[PDB]
Amino acid sequence: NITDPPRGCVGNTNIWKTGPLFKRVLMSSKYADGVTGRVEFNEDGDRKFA
Amino acid sequence: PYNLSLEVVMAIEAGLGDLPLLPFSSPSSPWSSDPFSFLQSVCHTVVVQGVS
C-alpha cells in the first residue's frame with residue numbers, strides 16, 4: 001500500500017494515501033549518520049541530546 | 001468605523017457586468033478542473049470590488 005506521491009499541482013485534488021504511516025516510518029531511523037550522528041528525531045520531529 | 005456602509009459583491013462564476021432586472025434560467029455547466037483559474041478569478045474580483 002505504498003502509493004507514490006501524486007504528480008502535478010492542479011490535477012491532484014486529494015490527500016495522499018501514504019500519510020501517517022509514511023510519517024511514522026520516516027520518524028523511525030536510529031543510526032549514526034552525519035557529523036552530529038545518533039539521529040534520534042522524535043516528538044515534533046527534532047533530534048535530541050546535541 | 002468611519003460610518004461604513006455595507007456592500008455585497010457576489011463573486012458568481014459569470015462575468016462582470018450590470019445587474020439585470022430579469023430572471024434568466026439556464027443549465028449549469030460543469031466546473032473547470034483547474035483550481036488556479038478559479039483562484040485568479042476570485043483574486044481579481046476581490047481586488048476590483050475591494051472586498052475586505
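Residues numbered from 1 in each chain as written, not as in the entry; some residues may be left out. Chains lettered and ligands numbered in written order. Part of a larger assembly, values for the part shown. Heavy atoms only, no water. Residues with missing side-chain atoms left out of burial classes, pairs and counts.

Structure determination for this PDB entry is given in the record as cryo-EM, at a resolution of 4.23 Å.

In this section: the overall build of chain A. Each helix and strand in chain A was counted, giving 1 helix and 0 strands. Its C-alpha radius of gyration of 15 Å places chain A more than 25% over the 10 Å reference for a compact globule of 50 residues. Seen along its three principal axes, the alpha-carbon backbone of chain A occupies a region of about 40 × 20 × 20 Å. (Helix = DSSP H or I, 4+ residues; strand = E, 2+ residues; numbered from the N terminus. Rg over C-alpha atoms; globule rule 2.2 N^0.38 Å.)

Turning next to the overall build of chain B. Broken down by element type, chain B carries 1 helix and 0 strands. The globule rule puts the C-alpha radius of gyration for 52 residues at 10 Å, and the 14 Å found for chain B is more than 25% above it. Taking the principal axes of the C-alpha coordinates as reference, chain B spans close to 40 × 30 × 15 Å.

Moving on, we get to unusual backbone geometry. Residue and element names in this part refer to chain A. Phi is positive for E43, which is not a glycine, with a value near 60°. Examined against the element boundaries, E43 turns out to sit in the segment after α1 (20-26). A positive phi angle, near 60°, is found at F49, a position not held by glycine. Structurally, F49 is set in the segment after α1.

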